[PDB]
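What follows is the content of data29.pdb (PDB, C-alpha atoms).
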ATOM      1  CA  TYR S   1     160.403-135.795 -67.109
ATOM      2  CA  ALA S   2     158.020-132.802 -67.128
ATOM      3  CA  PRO S   3     157.236-130.620 -64.075
ATOM      4  CA  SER S   4     154.563-131.594 -61.560
ATOM      5  CA  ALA S   5     153.999-128.736 -59.108
ATOM      6  CA  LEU S   6     150.735-127.807 -57.430
ATOM      7  CA  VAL S   7     149.077-125.617 -54.843
ATOM      8  CA  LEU S   8     146.073-127.194 -53.111
ATOM      9  CA  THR S   9     143.603-125.352 -50.886
ATOM     10  CA  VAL S  10     140.595-126.024 -48.682
ATOM     11  CA  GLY S  11     138.002-123.499 -47.593
ATOM     12  CA  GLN S  12     134.397-122.813 -46.670
ATOM     13  CA  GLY S  13     131.963-122.133 -49.505
ATOM     14  CA  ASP S  14     130.401-123.712 -52.586
ATOM     15  CA  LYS S  15     132.782-122.480 -55.331
ATOM     16  CA  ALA S  16     136.522-121.845 -55.352
ATOM     17  CA  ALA S  17     136.063-118.195 -56.327
ATOM     18  CA  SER S  18     133.778-117.486 -53.362
ATOM     19  CA  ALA S  19     135.425-119.722 -50.772
ATOM     20  CA  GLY S  20     137.161-118.518 -47.649
ATOM     21  CA  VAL S  21     140.491-120.352 -47.891
ATOM     22  CA  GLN S  22     141.455-121.927 -44.558
ATOM     23  CA  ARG S  23     144.592-123.923 -45.430
ATOM     24  CA  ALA S  24     146.806-124.187 -48.502
ATOM     25  CA  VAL S  25     149.799-126.416 -49.237
ATOM     26  CA  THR S  26     152.446-126.803 -51.933
ATOM     27  CA  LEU S  27     153.218-130.134 -53.577
ATOM     28  CA  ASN S  28     156.072-130.947 -55.938
ATOM     29  CA  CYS S  29     156.317-134.427 -57.443
ATOM     30  CA  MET S  30     159.073-134.350 -60.097
ATOM     31  CA  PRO S  31     161.558-135.798 -59.640
ATOM     32  CA  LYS S  32     161.078-136.088 -55.877
ATOM     33  CA  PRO S  33     158.045-135.438 -53.652
ATOM     34  CA  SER S  34     158.279-132.357 -51.452
ATOM     35  CA  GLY S  35     156.208-129.404 -50.259
ATOM     36  CA  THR S  36     154.269-128.171 -47.269
ATOM     37  CA  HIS S  37     151.698-130.884 -47.970
ATOM     38  CA  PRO S  38     151.667-133.116 -44.848
ATOM     39  CA  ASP S  39     152.261-136.292 -46.890
ATOM     40  CA  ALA S  40     153.929-135.283 -50.154
ATOM     41  CA  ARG S  41     155.001-138.833 -50.990
ATOM     42  CA  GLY S  42     151.549-140.305 -50.382
ATOM     43  CA  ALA S  43     149.878-137.508 -52.343
ATOM     44  CA  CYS S  44     152.204-137.833 -55.336
ATOM     45  CA  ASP S  45     151.714-141.620 -55.231
ATOM     46  CA  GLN S  46     147.915-141.371 -55.159
ATOM     47  CA  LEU S  47     147.893-138.782 -57.958
ATOM     48  CA  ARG S  48     150.155-140.919 -60.155
ATOM     49  CA  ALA S  49     147.849-143.911 -59.661
ATOM     50  CA  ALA S  50     144.886-141.750 -60.772
ATOM     51  CA  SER S  51     146.819-140.361 -63.785
ATOM     52  CA  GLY S  52     146.469-136.891 -62.290
ATOM     53  CA  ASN S  53     142.659-137.098 -62.207
ATOM     54  CA  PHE S  54     141.602-135.300 -59.034
ATOM     55  CA  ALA S  55     137.923-136.113 -59.671
ATOM     56  CA  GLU S  56     138.635-139.846 -59.357
ATOM     57  CA  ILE S  57     139.867-139.180 -55.816
ATOM     58  CA  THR S  58     136.992-137.016 -54.549
ATOM     59  CA  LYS S  59     133.931-138.950 -55.804
ATOM     60  CA  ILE S  60     131.387-140.248 -53.269
ATOM     61  CA  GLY S  61     129.564-146.895 -47.474
ATOM     62  CA  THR S  62     129.461-143.157 -46.826
ATOM     63  CA  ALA S  63     126.410-142.384 -44.661
ATOM     64  CA  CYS S  64     126.093-138.598 -44.448
ATOM     65  CA  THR S  65     123.151-136.322 -43.775
ATOM     66  CA  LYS S  66     121.847-133.934 -46.418
ATOM     67  CA  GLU S  67     122.919-130.859 -44.436
ATOM     68  CA  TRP S  68     124.405-128.154 -46.660
ATOM     69  CA  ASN S  69     127.640-126.953 -45.045
ATOM     70  CA  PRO S  70     129.921-126.829 -48.053
ATOM     71  CA  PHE S  71     133.698-126.940 -48.355
ATOM     72  CA  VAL S  72     135.718-126.546 -51.553
ATOM     73  CA  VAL S  73     139.069-128.164 -52.316
ATOM     74  CA  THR S  74     141.237-126.966 -55.176
ATOM     75  CA  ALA S  75     144.368-127.989 -57.055
ATOM     76  CA  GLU S  76     146.164-125.776 -59.549
ATOM     77  CA  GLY S  77     149.527-125.712 -61.276
ATOM     78  CA  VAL S  78     151.072-128.302 -63.572
ATOM     79  CA  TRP S  79     150.829-132.108 -63.702
ATOM     80  CA  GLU S  80     153.399-133.845 -65.906
ATOM     81  CA  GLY S  81     153.840-130.638 -67.870
ATOM     82  CA  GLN S  82     150.114-129.938 -68.383
ATOM     83  CA  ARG S  83     148.368-126.985 -66.760
ATOM     84  CA  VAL S  84     145.614-127.994 -64.336
ATOM     85  CA  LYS S  85     142.900-126.080 -62.494
ATOM     86  CA  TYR S  86     140.527-128.210 -60.423
ATOM     87  CA  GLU S  87     137.870-127.581 -57.803
ATOM     88  CA  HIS S  88     135.381-129.766 -55.992
ATOM     89  CA  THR S  89     132.610-128.884 -53.544
ATOM     90  CA  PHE S  90     131.858-131.305 -50.731
ATOM     91  CA  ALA S  91     128.316-130.863 -49.434
ATOM     92  CA  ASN S  92     129.360-131.071 -45.776
ATOM     93  CA  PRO S  93     132.233-132.222 -43.527
ATOM     94  CA  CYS S  94     130.965-135.809 -43.538
ATOM     95  CA  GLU S  95     131.282-136.063 -47.325
ATOM     96  CA  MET S  96     134.671-134.332 -47.261
ATOM     97  CA  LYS S  97     136.000-136.748 -44.636
ATOM     98  CA  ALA S  98     135.179-139.636 -46.987
ATOM     99  CA  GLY S  99     136.300-137.908 -50.175
ATOM    100  CA  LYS S 100     139.645-136.290 -49.392
ATOM    101  CA  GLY S 101     141.873-139.343 -49.853
ATOM    102  CA  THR S 102     145.510-138.495 -49.190
ATOM    103  CA  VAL S 103     145.771-135.722 -51.792
ATOM    104  CA  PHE S 104     143.271-133.437 -50.047
ATOM    105  CA  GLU S 105     144.059-134.512 -46.452
ATOM    106  CA  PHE S 106     145.577-131.266 -45.164
TER
ATOM    107  CA  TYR V   1     147.518-112.848 -42.790
ATOM    108  CA  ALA V   2     146.360-116.294 -43.998
ATOM    109  CA  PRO V   3     148.289-118.730 -46.241
ATOM    110  CA  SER V   4     150.553-117.560 -49.064
ATOM    111  CA  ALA V   5     151.327-120.628 -51.196
ATOM    112  CA  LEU V   6     152.158-120.428 -54.892
ATOM    113  CA  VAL V   7     153.192-122.307 -58.004
ATOM    114  CA  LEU V   8     155.149-120.367 -60.626
ATOM    115  CA  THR V   9     155.823-121.510 -64.187
ATOM    116  CA  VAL V  10     157.758-120.426 -67.247
ATOM    117  CA  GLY V  11     157.082-121.639 -70.775
ATOM    118  CA  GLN V  12     157.553-120.922 -74.462
ATOM    119  CA  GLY V  13     154.735-119.029 -76.105
ATOM    120  CA  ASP V  14     152.603-115.908 -75.935
ATOM    121  CA  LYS V  15     149.785-116.783 -73.523
ATOM    122  CA  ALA V  16     149.572-119.299 -70.688
ATOM    123  CA  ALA V  17     146.796-121.202 -72.483
ATOM    124  CA  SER V  18     148.951-121.635 -75.610
ATOM    125  CA  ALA V  19     152.407-121.991 -74.009
ATOM    126  CA  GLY V  20     153.844-125.308 -72.920
ATOM    127  CA  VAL V  21     155.427-125.276 -69.472
ATOM    128  CA  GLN V  22     159.218-125.674 -69.339
ATOM    129  CA  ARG V  23     159.797-125.389 -65.570
ATOM    130  CA  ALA V  24     157.663-124.882 -62.492
ATOM    131  CA  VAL V  25     158.492-124.240 -58.832
ATOM    132  CA  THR V  26     156.670-123.993 -55.512
ATOM    133  CA  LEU V  27     156.878-121.117 -53.065
ATOM    134  CA  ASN V  28     155.438-120.888 -49.554
ATOM    135  CA  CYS V  29     156.046-117.743 -47.543
ATOM    136  CA  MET V  30     154.542-118.210 -44.044
ATOM    137  CA  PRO V  31     155.746-118.447 -41.357
ATOM    138  CA  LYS V  32     159.107-118.887 -43.117
ATOM    139  CA  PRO V  33     159.991-119.085 -46.830
ATOM    140  CA  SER V  34     160.385-122.480 -48.500
ATOM    141  CA  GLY V  35     159.768-124.258 -51.807
ATOM    142  CA  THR V  36     161.535-125.617 -54.848
ATOM    143  CA  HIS V  37     162.102-122.015 -55.910
ATOM    144  CA  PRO V  38     165.925-121.629 -55.814
ATOM    145  CA  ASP V  39     165.703-118.387 -53.746
ATOM    146  CA  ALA V  40     162.496-118.661 -51.726
ATOM    147  CA  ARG V  41     163.501-115.952 -49.248
ATOM    148  CA  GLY V  42     164.329-113.514 -52.041
ATOM    149  CA  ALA V  43     161.110-114.275 -53.922
ATOM    150  CA  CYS V  44     158.928-113.988 -50.813
ATOM    151  CA  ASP V  45     160.669-110.776 -49.771
ATOM    152  CA  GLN V  46     160.134-109.216 -53.211
ATOM    153  CA  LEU V  47     156.454-110.209 -53.183
ATOM    154  CA  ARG V  48     155.947-108.901 -49.639
ATOM    155  CA  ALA V  49     157.489-105.558 -50.626
ATOM    156  CA  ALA V  50     155.095-105.462 -53.602
ATOM    157  CA  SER V  51     152.134-106.472 -51.376
ATOM    158  CA  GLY V  52     151.565-109.493 -53.619
ATOM    159  CA  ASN V  53     151.158-107.343 -56.762
ATOM    160  CA  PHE V  54     152.782-109.432 -59.485
ATOM    161  CA  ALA V  55     152.484-106.556 -61.969
ATOM    162  CA  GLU V  56     154.913-104.626 -59.758
ATOM    163  CA  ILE V  57     157.441-107.468 -60.188
ATOM    164  CA  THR V  58     157.365-107.354 -64.005
ATOM    165  CA  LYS V  59     156.905-103.593 -64.490
ATOM    166  CA  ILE V  60     158.978-101.650 -66.985
ATOM    167  CA  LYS V  61     162.432-100.455 -65.924
ATOM    168  CA  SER V  62     164.134 -97.385 -67.384
ATOM    169  CA  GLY V  63     167.422 -99.210 -67.855
ATOM    170  CA  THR V  64     166.023-101.874 -70.179
ATOM    171  CA  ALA V  65     167.391-101.843 -73.739
ATOM    172  CA  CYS V  66     166.289-104.865 -75.767
ATOM    173  CA  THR V  67     165.816-105.447 -79.456
ATOM    174  CA  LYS V  68     162.255-106.038 -80.593
ATOM    175  CA  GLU V  69     162.081-109.481 -82.223
ATOM    176  CA  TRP V  70     159.228-111.766 -81.170
ATOM    177  CA  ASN V  71     160.467-114.877 -79.303
ATOM    178  CA  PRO V  72     158.116-114.929 -76.343
ATOM    179  CA  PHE V  73     158.048-116.512 -72.904
ATOM    180  CA  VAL V  74     155.067-116.608 -70.505
ATOM    181  CA  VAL V  75     155.406-116.603 -66.711
ATOM    182  CA  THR V  76     152.532-117.519 -64.401
ATOM    183  CA  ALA V  77     151.687-117.423 -60.707
ATOM    184  CA  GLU V  78     148.801-119.319 -59.119
ATOM    185  CA  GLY V  79     147.646-120.195 -55.618
ATOM    186  CA  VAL V  80     146.914-117.838 -52.707
ATOM    187  CA  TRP V  81     148.514-114.686 -51.333
ATOM    188  CA  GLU V  82     147.292-113.679 -47.878
ATOM    189  CA  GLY V  83     144.450-116.170 -48.322
ATOM    190  CA  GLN V  84     143.169-114.647 -51.585
ATOM    191  CA  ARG V  85     143.246-116.338 -54.993
ATOM    192  CA  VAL V  86     146.161-115.584 -57.324
ATOM    193  CA  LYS V  87     145.878-116.155 -61.083
ATOM    194  CA  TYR V  88     148.522-114.113 -62.915
ATOM    195  CA  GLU V  89     150.333-114.363 -66.243
ATOM    196  CA  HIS V  90     152.742-112.090 -68.081
ATOM    197  CA  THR V  91     154.227-112.410 -71.559
ATOM    198  CA  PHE V  92     157.808-111.299 -72.201
ATOM    199  CA  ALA V  93     158.457-110.448 -75.841
ATOM    200  CA  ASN V  94     161.859-112.191 -75.968
ATOM    201  CA  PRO V  95     164.667-113.487 -73.707
ATOM    202  CA  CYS V  96     166.113-110.010 -73.201
ATOM    203  CA  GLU V  97     162.800-108.690 -71.882
ATOM    204  CA  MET V  98     162.399-111.670 -69.562
ATOM    205  CA  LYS V  99     165.869-111.089 -68.099
ATOM    206  CA  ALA V 100     164.915-107.474 -67.405
ATOM    207  CA  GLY V 101     161.525-108.209 -65.853
ATOM    208  CA  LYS V 102     161.748-111.545 -64.042
ATOM    209  CA  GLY V 103     163.228-110.147 -60.805
ATOM    210  CA  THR V 104     163.802-112.787 -58.160
ATOM    211  CA  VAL V 105     160.224-114.145 -58.282
ATOM    212  CA  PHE V 106     160.535-115.500 -61.830
ATOM    213  CA  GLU V 107     164.255-116.375 -61.627
ATOM    214  CA  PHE V 108     164.115-120.169 -61.890
TER
END
Rewritten as structure tokens:
Amino acid sequence: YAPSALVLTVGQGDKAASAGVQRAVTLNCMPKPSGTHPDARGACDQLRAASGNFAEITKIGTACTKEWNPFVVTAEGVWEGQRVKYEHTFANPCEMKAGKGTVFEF
Amino acid sequence: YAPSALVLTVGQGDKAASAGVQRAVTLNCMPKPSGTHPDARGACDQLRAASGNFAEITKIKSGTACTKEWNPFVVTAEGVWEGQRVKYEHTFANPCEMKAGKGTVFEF
């Protein structure tokens, strides 16, 4: 196997570079799930099912207003030996609530 | 202040973008040290003493005496330190230089 180790963050703002990070968790998946992530096994399972594609997890029955109150989630590190650097901006808390899945529920 | 959560990697090559990862570990320092890093307390302590400055970890040491052949390794750190983004890489010319400059942080 190849390493799968990530840091994930959430913060206020519309880009990772400009966001005020609120919470950040570690996640290791190979060969066993661990980390400060609150559900390392569920997160590793969901990521495996998506082939490591964070965008598949965050994409938009969700009835949210068009208020702009943005939050950015990030993932960076290595997935099955490949370097990854991901960010996604949710327009507001309502969209984030629907789009976090297990991976970004922290 | 604020979260300090990191992933560190080592790989063969001369820049992170061109080097395949061999091993990677997690490190979280607050409120207590943990992670897959084999000495999380030592790594967190060294980083705290350096105020999160990864260049201070890998800086040159007067006792280092290595031959000069090119056989490079790249180490990286990513994540947050005191809530602020970390994106760091350093290339060691050969195994001797990596042994001299890895400290506890990159000892995995």
Next item on the list: Apply the PyMOL selection byres ((chain V and resi 67-70) around 8) to the file shown and report the selected residues as number ranges by chain.
Entry: V: 65-66, 71-72, 93-94, 96
Note to self: I'd like the neighbourhood of residue 27 (chain V) as an MDAnalysis selection string, where a residue qualifies if any of its atoms comes within 7 Å (using only C-alpha atoms), though same-chain residues fewer than 4 positions away should be ignored.
What the structure shows: chainID V and resid 5:7 34:37 40
Picked residues, the ChimeraX specification (/V :<9) & /S, as a CSV table (one decimal) with C-alpha atoms, in the frame of the given file:
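Final file, out_9.csv:
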chain,number,residue,atom,x,y,z
S,2,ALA,CA,158.0,-132.8,-67.1
S,3,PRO,CA,157.2,-130.6,-64.1
S,4,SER,CA,154.6,-131.6,-61.6
S,5,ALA,CA,154.0,-128.7,-59.1
S,6,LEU,CA,150.7,-127.8,-57.4
S,7,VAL,CA,149.1,-125.6,-54.8
S,8,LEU,CA,146.1,-127.2,-53.1
S,9,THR,CA,143.6,-125.4,-50.9
S,16,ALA,CA,136.5,-121.8,-55.4
S,17,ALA,CA,136.1,-118.2,-56.3
S,20,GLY,CA,137.2,-118.5,-47.6
S,21,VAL,CA,140.5,-120.4,-47.9
S,22,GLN,CA,141.5,-121.9,-44.6
S,23,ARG,CA,144.6,-123.9,-45.4
S,24,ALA,CA,146.8,-124.2,-48.5
S,25,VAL,CA,149.8,-126.4,-49.2
S,26,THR,CA,152.4,-126.8,-51.9
S,27,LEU,CA,153.2,-130.1,-53.6
S,28,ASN,CA,156.1,-130.9,-55.9
S,34,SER,CA,158.3,-132.4,-51.5
S,35,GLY,CA,156.2,-129.4,-50.3
S,36,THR,CA,154.3,-128.2,-47.3
S,75,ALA,CA,144.4,-128.0,-57.1
S,76,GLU,CA,146.2,-125.8,-59.5
S,77,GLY,CA,149.5,-125.7,-61.3
S,78,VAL,CA,151.1,-128.3,-63.6
S,81,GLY,CA,153.8,-130.6,-67.9
S,82,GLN,CA,150.1,-129.9,-68.4
S,83,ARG,CA,148.4,-127.0,-66.8
Apply the PyMOL selection byres ((chain S and resi 98) around 12) to the displayed file and report the matching residues as an mmCIF file with C-alpha atoms, keeping the file's coordinate frame.
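Result file is result21.cif:
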data_model
loop_
_atom_site.group_PDB
_atom_site.id
_atom_site.type_symbol
_atom_site.label_atom_id
_atom_site.label_comp_id
_atom_site.auth_asym_id
_atom_site.auth_seq_id
_atom_site.Cartn_x
_atom_site.Cartn_y
_atom_site.Cartn_z
ATOM 1 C CA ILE S 57 139.867 -139.180 -55.816
ATOM 2 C CA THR S 58 136.992 -137.016 -54.549
ATOM 3 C CA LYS S 59 133.931 -138.950 -55.804
ATOM 4 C CA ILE S 60 131.387 -140.248 -53.269
ATOM 5 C CA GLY S 61 129.564 -146.895 -47.474
ATOM 6 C CA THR S 62 129.461 -143.157 -46.826
ATOM 7 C CA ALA S 63 126.410 -142.384 -44.661
ATOM 8 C CA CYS S 64 126.093 -138.598 -44.448
ATOM 9 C CA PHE S 90 131.858 -131.305 -50.731
ATOM 10 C CA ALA S 91 128.316 -130.863 -49.434
ATOM 11 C CA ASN S 92 129.360 -131.071 -45.776
ATOM 12 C CA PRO S 93 132.233 -132.222 -43.527
ATOM 13 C CA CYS S 94 130.965 -135.809 -43.538
ATOM 14 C CA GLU S 95 131.282 -136.063 -47.325
ATOM 15 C CA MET S 96 134.671 -134.332 -47.261
ATOM 16 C CA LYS S 97 136.000 -136.748 -44.636
ATOM 17 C CA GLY S 99 136.300 -137.908 -50.175
ATOM 18 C CA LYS S 100 139.645 -136.290 -49.392
ATOM 19 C CA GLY S 101 141.873 -139.343 -49.853
ATOM 20 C CA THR S 102 145.510 -138.495 -49.190
ATOM 21 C CA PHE S 104 143.271 -133.437 -50.047
ATOM 22 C CA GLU S 105 144.059 -134.512 -46.452
#
As an mmCIF file with C-alpha atoms, in the coordinates of the input, please: the residues near residue 107 (chain V) (cut-off 9 Å, only C-alpha atoms, same-chain neighbours under 4 positions excluded).
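Okay, this is what ended up in out_28.cif:
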data_model
loop_
_atom_site.group_PDB
_atom_site.id
_atom_site.type_symbol
_atom_site.label_atom_id
_atom_site.label_comp_id
_atom_site.auth_asym_id
_atom_site.auth_seq_id
_atom_site.Cartn_x
_atom_site.Cartn_y
_atom_site.Cartn_z
ATOM 1 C CA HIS V 37 162.102 -122.015 -55.910
ATOM 2 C CA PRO V 38 165.925 -121.629 -55.814
ATOM 3 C CA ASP V 39 165.703 -118.387 -53.746
ATOM 4 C CA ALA V 43 161.110 -114.275 -53.922
ATOM 5 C CA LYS V 99 165.869 -111.089 -68.099
ATOM 6 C CA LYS V 102 161.748 -111.545 -64.042
ATOM 7 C CA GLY V 103 163.228 -110.147 -60.805
#
Check: So what do you get for CA of residue 14 (chain S) versus CA of residue 89 (chain S), distance-wise?
Finding: 5.7 Å
Six-sided padding of 3 Å per side, axis-aligned box over region 57-67 of chain V, centre and edges in Å, one decimal, as lines of an AutoDock Vina configuration file:
center_x = 162.2
center_y = -102.4
center_z = -69.8
size_x = 16.5
size_y = 16.1
size_z = 25.3
Note to self: Under the rule that all atoms listed in the file are counted, which of V:13, V:95, V:52, V:63 is the nearest residue to residue 81 (chain V)?
What the structure shows: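 For residue 81 (chain V), the nearest of the candidates is V:52.
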